[PDB]
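Enquirer: Dumping the structure here so I can ask a few things about it.
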Amino acid sequence: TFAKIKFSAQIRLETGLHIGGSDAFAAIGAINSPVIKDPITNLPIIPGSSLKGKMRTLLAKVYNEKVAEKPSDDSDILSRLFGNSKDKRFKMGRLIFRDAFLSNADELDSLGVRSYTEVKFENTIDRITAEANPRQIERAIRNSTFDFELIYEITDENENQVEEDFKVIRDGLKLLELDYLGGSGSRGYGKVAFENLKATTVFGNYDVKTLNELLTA
Amino acid sequence: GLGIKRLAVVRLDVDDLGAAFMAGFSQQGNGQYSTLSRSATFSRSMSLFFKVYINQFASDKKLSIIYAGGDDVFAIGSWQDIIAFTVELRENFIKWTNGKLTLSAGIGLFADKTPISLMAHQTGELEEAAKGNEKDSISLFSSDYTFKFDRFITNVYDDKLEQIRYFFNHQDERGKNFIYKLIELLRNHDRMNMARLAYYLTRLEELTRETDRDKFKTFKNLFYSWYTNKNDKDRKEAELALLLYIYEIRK
Amino acid sequence: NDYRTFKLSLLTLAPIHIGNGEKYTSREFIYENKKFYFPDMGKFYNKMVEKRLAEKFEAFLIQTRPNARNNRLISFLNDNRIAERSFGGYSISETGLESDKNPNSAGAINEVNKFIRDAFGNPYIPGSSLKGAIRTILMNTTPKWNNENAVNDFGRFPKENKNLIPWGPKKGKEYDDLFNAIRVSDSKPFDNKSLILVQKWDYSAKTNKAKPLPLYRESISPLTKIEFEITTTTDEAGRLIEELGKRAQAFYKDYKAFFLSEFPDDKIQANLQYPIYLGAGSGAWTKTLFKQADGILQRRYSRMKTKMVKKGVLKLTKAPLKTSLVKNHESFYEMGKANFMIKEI
Amino acid sequence: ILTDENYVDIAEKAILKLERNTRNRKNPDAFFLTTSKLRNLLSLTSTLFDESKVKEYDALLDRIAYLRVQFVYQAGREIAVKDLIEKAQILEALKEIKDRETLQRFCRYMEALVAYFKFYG
Amino acid sequence: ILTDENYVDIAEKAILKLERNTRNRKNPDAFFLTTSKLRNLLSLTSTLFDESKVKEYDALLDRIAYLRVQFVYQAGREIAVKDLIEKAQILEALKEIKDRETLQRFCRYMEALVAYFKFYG
RNA sequence: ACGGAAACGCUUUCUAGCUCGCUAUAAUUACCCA
RNA sequence: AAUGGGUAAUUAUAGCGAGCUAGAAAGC
């Protein structure tokens, strides 16, 4: 058998984030560290790589006994969800993340918002001669929300391994409410709230009535 | 599993056998040495080499000398043994004929189950391209990998290839990917690729484990030495030596 | 879990002004009553251009007419009888005492520096400002982080090394980064009814006077408790955050014996919690490793306004006295004095 | 006016045209204008240059309309800023902003002015 | 002037003609120019050169105008990059572009400069 | 009465797998000019 | 002593710039 289910979480921002991008034609006296944004809507994205490779380190300091020192060294409680590329049977993912596009582009304009990002001025006080070194890093604003879809695969290689993995998905998705989600991090920029962790199947038939109780715990 | 699953074919040939039988001996002296006894002795010597003694040079190897003698030799076989058999045949024919009578091989690499008429003709075209390279050449594998036997055996097959094997089979960081990108930069080759390789090797020099770095430093200085040597004769050797190494380490 | 959280609650004795870079000018505000109105001047121009009156507004802006009462764009609206005040922006009430000048001349403030804000219209205090104030305490109270951290005369020699703190990836080495392991988060954003726009007041030694300055930064009203978090991840950082409550006092003791002395006790405040010096007004002896920057900071000022000898001026302001949070008359605060308490959660 | 293939050169010889201290041979050809007021000119246009990347011209032309009055007011404060807007034709170029692709060009002209100021003294 | 036979050799003997650090005998005979102050100039031309293949030249002649803005601005901030654009003649390689193959030639010139800077320490 | 007549160099095949745009960083310093 | 105003400096700094596995196989 083969099914595939889907987590429709909502990343609410709390003192919002800045996932960097590099631009060679920025300005002289404007943004030199911009958020990564969609090219045609110009809304900031939380791309799926910075979610996946953040949860990978969060659960790699936790769901490992041997100190990892690399991926393709995780203890296969991770590597059957995130994939190695040196183990034979665990090359493919079994977890398909998504880019988190910005949902409330209109519940933000309801408030007095005139740009969906905010530019913060951020000098560097030299501790001798007291002199500054300003910058302008861009960041997505506080009351954003992002439709976060995550897709989990199910084949006939999960003999008893399905409901084990939601002690890995919920572990990552409430350890990211501890960590900063890429950004400056140790200066704010991270704290988030995965509202509405609401799993549902989208291919195959599967019972998730037992599943929606270990998400609201 | 250390090989690519191919089979090579070598059609050797003595260069200027007809010039070795018409004139032959009249170069030394005043036309006093091209006589009957020396001519018959040289003829028996060459048939004794190219019909009897090819079995001694090809005693342990996994090949099959299909046709041999006169000048021309046409030998199928497994590819490492074919290349080593050509090396041994030249390194014993210059010991036999004192450095005179240069011979010219042409080797072609073929997949399995290809017909042995599409094989024999492409190897013959390789071989006549080798004869047209200079008086002596071996044309490995292709109409552009043309060398000399004085240079393929010493520099490519025993100097460069053993240096690449001595470097690569000591370490456990750089794999097939570094070798593939090295062949790509050796094959594309404008002047700007010398600067790109100078950036690439210096970037990978400090990316290593910092204990065994000078292994990679004495490799990268040497590779940049035979990329930018500007003689056109030390670059194609490095490309073909890396082809033979990637062939040897193919799973 | 390794992530030992905290909870910092901060308290404003003196007003605090934090960054924002930009500033309004002499003709970017309205003052109709005890409220200063700061409008979105693009929309002010967009409403006022309907009367074809903007050409008059071209004359008013370069108009260096005397008697500052008629220079501050209130007289423009009291003259051409524009009478809406329906523009955007925010409107904050007065400090009430930053107008040392005569009554009804008053309201002739000139250049106001904005407070940092997030895009909804509220202000907050950034976590990076508190984190840079924490880093000076941790650099000046750890005695291994003051001695060799200097120039060694590389360029013209003013510059610091900036490598004496665990910093970076650093090939081969395990990831140290002490200050990655101190993660100060931002504050909960409060409302504009705690901003008073103090004026800078310089109180020098060797000419015992309090000559004011024409720099009227917005600030924080005193006695405002501000939320913060410091969620560490290394126990080595847990030691420093646990010893904050003693290192802040040690930093203040090596400060007050060094710079606040030779200036009189009436200008100084009390503490009531553990002391900290937040940005924009505290001076270059709270932003620096001051016990080594005594001979390097004064080399930079070879201009028209050199520091008076060494440790030249003490910075004060004027806020409404809320308690009694002072110990003197006429409400001279310290402009950057704040006091925090920490607790594990 | 300014197109894409001239605005640097138009901004180059403007700073070669700016007046200097005739007196005071201490770093000679020191300008009457300083770096801080030129940065305070550029800070008017930087936010507009970002909003010309994110937003459209239509929600922005009032900000452009106020930027002319900002340059008017900064002209009337200091004599060197009164002259820099006349050597480099700034108010002549502010009259012609018909697009995103002209507003970004004007902001690159301002940044070219600041760059060629910093390169010279 | 730089043409298709010499623009790597020009970069090589322009990095070699640059002056070395006097002091700091830990890694001595090293350069004043940090790697960041040169990667933040190749950052412009790399994203140009990846766009020159896709786009026509006469839609990419504002980015090339910004090149001479940014090289001048990075030169006027520190003496090292000023020495770089005076040694490796980057401004006189920027007046003369005018078409696509010369723009890609200048981008490969900048790449050869960065490559030989990383090669010699 | 063309060493000719008839004859697809054709079928199958993911540029794929893994990987945080990240580390440090108080929008601040100096005190005045007419 | 009042009266007019602020003036100068930094506008990001130092890094990393891709690594490894695969490099064509099975048929007529």
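Bear in mind these aren't lab numbers, they're just calculated from the coordinates by the rules spelled out. For neighbour counting, all protein chains shown are included, and Cβ atoms are generated from backbone atoms with ideal geometry for every residue, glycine included.
Enquirer: Once you have a ≥ b ≥ c as the square roots of the Cα gyration tensor eigenvalues for the protein assembly as shown, tell me rounded if a/c is under 1.5, and otherwise prolate or oblate according to whether a/b is larger than b/c.
Expert: Prolate is the answer for the protein assembly as shown, as a/c is 1.5 or above and a/b outweighs b/c.
Enquirer: Something else about it: Given springs between every Cα pair under 10 Å in a Gaussian network model of chain B, which of B:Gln56, B:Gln27, B:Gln163 has the largest fluctuation?
Expert: Comparing B:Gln56, B:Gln27, B:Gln163 in a Gaussian network model of chain B, the most mobile one is B:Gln27.
Enquirer: What gaps in nm, shortest first, separate D:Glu78 from its twins in the other copies when you place the label 7 Å past Cα toward the beta carbon?
Expert: Reported distances to equivalent positions: 2.7 nm.
Enquirer: Report the closest approach of any chain E C-beta to the axis of the E-to-D rotation: residue and distance, in whole angstrom.
Expert: In chain E, the Cβ lying nearest the symmetry axis toward D is E:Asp50, 3.
Enquirer: So how tilted is helix A:48-60 from the main axis of chain A? Cα-based, degrees 0 to 90, rounded to 10.
Expert: 70
Enquirer: Give me the inter-chain shielding for E:58-71: mean count of other chain Cβ atoms within 10 Å, whole number please.
Expert: Working: counts 2, 1, 1, 3, 9, 3, 3, 12, 13, 3, 8, 14, 8, 2.
Shielding by partners across E:58-71 averages 6.
Enquirer: Related question: Which distances, in nm and shortest first, link the D:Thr35 label point to the same label point in every other copy, taking 7 Å along Cα→Cβ?
Expert: 2.7
Enquirer: May I pose another question? With r defined as the distance between the Cβ atoms of B:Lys62 and B:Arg191 and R0 fixed at 35 Å, what FRET efficiency is calculated, to the nearest 0.05?
Expert: It comes out at approximately 0.20.
Enquirer: In whole angstrom, note down how far apart the Cα centers of segment A:92-115 and segment C:292-345 are.
Expert: 44
Enquirer: Follow-up. Select from segment E:60-121 those trypsin sites (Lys or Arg not before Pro) which occupy a DSSP coil region and have at most 14 other Cβ atoms within 10 Å, ordered by residue number.
Expert: Qualifying residues, ordered by number: E:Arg77, E:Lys95, E:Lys98.
Enquirer: So what is the calculated 222 nm ellipticity per residue for chain B, using -39500 (n - 2.57) for each DSSP H run with n of 4 or more, over all residues, to the nearest 500 deg cm²/dmol?
Expert: Value at 222 nm, helices only: -14000 deg cm²/dmol.
Enquirer: Quick one: grab Rg to one decimal and Dmax as a whole number for chain D, Cα atoms only, in Å.
Expert: Spelled out, the Cα radius of gyration and Dmax of chain D are 14.6, 50 Å.
Enquirer: Further, regarding this structure: Determine the calculated [θ] at 222 nm for chain C from helices alone, applying -39500 (n - 2.57) to every DSSP H run no shorter than 4 residues and normalising by the residue count; nearest 500 deg cm²/dmol. Working shown, then result.
Expert: Working: 6 runs with 55 residues, N = 345.
Calculated mean residue ellipticity at 222 nm is -4500 deg cm²/dmol.
Enquirer: How would you rank E:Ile79, D:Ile90, going from fewest to most other Cβ atoms within 10 Å of each one's own Cβ?
Expert: E:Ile79, D:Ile90
Enquirer: Then there is this: Taking the number of other C-beta atoms within 10 Å as the exposure measure, put B:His121, C:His329, C:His17 in order starting with the fewest.
Expert: Result, fewest neighbours first: C:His329, B:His121, C:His17.
Enquirer: Rounded to the nearest 0.05, what FRET efficiency is calculated for E:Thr35 and A:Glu195 with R0 set to 35 Å and r the Cβ-Cβ distance?
Expert: Working: r = 44 Å, r/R0 = 1.24.
Efficiency, rounded to the nearest 0.05: 0.20.
Enquirer: Divide by every residue of chain E the summed helix terms, -39500 (n - 2.57) for each DSSP H run of at least 4, and state the resulting mean residue ellipticity at 222 nm, rounded to the nearest 500 deg cm²/dmol.
Expert: The helix contribution divided over chain E gives -17500 deg cm²/dmol.
Enquirer: Now for a separate question. What FRET efficiency comes out for E:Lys13 versus D:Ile1 if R0 is 45 angstrom and r is the Cβ-Cβ distance? Round to the nearest 0.05.
Expert: Computed FRET efficiency for E:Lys13 and D:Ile1: 0.60.
Enquirer: Roughly how many nanometres apart are two label points built 7 Å out from the Cα toward the Cβ at C:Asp202 and C:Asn110?
Expert: Label at C:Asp202, label at C:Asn110, 1.3 nm between them.
Enquirer: Please arrange D:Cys107, E:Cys107 by how many other C-beta atoms lie within 10 Å of their C-beta, fewest to most. Present the calculation step by step, with values, prior to reporting the outcome.
Expert: Numbers: D:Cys107 24, E:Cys107 21.
Least crowded to most crowded, the residues run E:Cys107, D:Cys107.
Enquirer: Counting other Cβ atoms within 10 Å of each Cβ, which GluC sites (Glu not before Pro) in segment D:41-105 have at most 16 and sit in a DSSP loop?
Expert: Working: sites: D:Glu51, D:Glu56, D:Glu78, D:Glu86, D:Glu92, D:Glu96, D:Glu101; in loops: D:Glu56, D:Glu78, D:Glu96.
Of the GluC sites (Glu not before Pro), the ones in loops of segment D:41-105 whose Cβ has at most 16 other Cβ atoms within 10 Å are D:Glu56, D:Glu78, D:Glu96.
Enquirer: Still on this structure, please answer the following. Hand me the GluC sites (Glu not before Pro) from segment A:20-121 located in a DSSP loop with no more than 16 other Cβ atoms within 10 Å, in residue order please. The partial results should precede the final answer.
Expert: On the way: sites: A:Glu65, A:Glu69, A:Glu107, A:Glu118; in loops: A:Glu65, A:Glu69, A:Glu107.
Sites meeting the loop and neighbour criteria: A:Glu65, A:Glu69, A:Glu107.
Enquirer: Could you work out how far apart the two model spin labels at C:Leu223 and C:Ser75 are, taking each label as a point 7 Å from the Cα in the direction of the beta carbon, and quote it in nm?
Expert: About 3.9 nm, to one decimal.
Enquirer: To continue, here is another question. Taking the label point 7 Å from Cα in the Cβ direction, how far apart in nm is D:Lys95 from each other copy of itself, listed shortest first?
Expert: Computed spacing set for this position: 3.2 nm.
Enquirer: Okay, next question. With only alpha-carbon atoms counted, please give the Rg and Dmax of chain C, in Å.
Expert: That works out to 22.8, 72 Å for Rg and Dmax.
Enquirer: Would you mind classifying segment A:28-165 by shape? Square roots of the alpha carbon gyration tensor eigenvalues, ordered a ≥ b ≥ c; an a/c under 1.5 is rounded, otherwise it is prolate if a/b is larger than b/c and oblate if not.
Expert: Taking the square roots of the gyration eigenvalues as a ≥ b ≥ c, segment A:28-165 is oblate.
Enquirer: When you look at the Cβ of every residue in D:107-115, what mean number of other chain Cβ atoms sits within 10 Å?
Expert: Taking all residues of D:107-115 together, the mean is 6.
Enquirer: Please give me the summed charge of the neighbours of A:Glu14: other residues whose Cβ is under 15 Å from its Cβ, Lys and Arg +1, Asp and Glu -1.
Expert: Here the count lands on 0.
Enquirer: If you build a Gaussian network model of chain B, linking Cα atoms that sit under 10 Å apart, which residue out of B:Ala75, B:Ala105, B:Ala198 swings the most?
Expert: Taking springs between Cα atoms under 10 Å, the residue moving most is B:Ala198.
Enquirer: Using the charge dipole of the protein assembly as shown (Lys, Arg: +1 at Cβ; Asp, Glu: -1 at Cβ; taken about the Cα centre), state which of E:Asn21, A:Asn42, C:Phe44 has its Cα farthest towards the positive end.
Expert: The Cα lying farthest towards the positive end belongs to C:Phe44.
Enquirer: Under a 10 Å cutoff between Cα atoms, tell me which one of B:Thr102, B:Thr146, B:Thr35 has the largest fluctuation in the Gaussian network model of chain B.
Expert: Greatest mean-square fluctuation among the candidates belongs to B:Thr35.
Enquirer: Specify the angular offset, from 0 to 90 degrees and rounded to the nearest 10, of the alpha carbon long axis of helix E:100-119 from the longest principal axis of the alpha carbons in chain E.
Expert: Helix E:100-119 and the main axis of chain E meet at about 20 degrees.
Enquirer: While we're looking at this one, here's another question. With point charges of +1 on the Cβ of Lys and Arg and -1 on the Cβ of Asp and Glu, referenced to the Cα centre of the protein assembly as shown, which listed residue (B:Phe167, A:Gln10, C:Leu240) lies farthest in the positive direction of the dipole?
Expert: About the Cα centre, the residue reaching furthest to the positive side is C:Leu240.
Enquirer: Which residues does a label at A:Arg89 reach in segment A:147-165, if reach means a backbone N under 20 Å from a point 7 Å past the Cα toward the Cβ?
Expert: A:153-165
Enquirer: I would also like to ask the following. What is the helix-to-structure angle for E:36-52, meaning the angle in degrees between its Cα long axis and the longest Cα principal axis of chain E, kept from 0 to 90 and rounded to the nearest 10?
Expert: 20
Enquirer: Same structure, new question: On average, how many beta carbons from a partner chain sit within 10 Å of the beta carbon of a residue in A:10-23?
Expert: Whole-number average of other-chain Cβ neighbours for A:10-23 is 2.
Enquirer: Can you compute the modelled spin-label distance between C:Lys305 and B:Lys5, with each label point 7 Å from Cα toward Cβ, in nm?
Expert: 8.2
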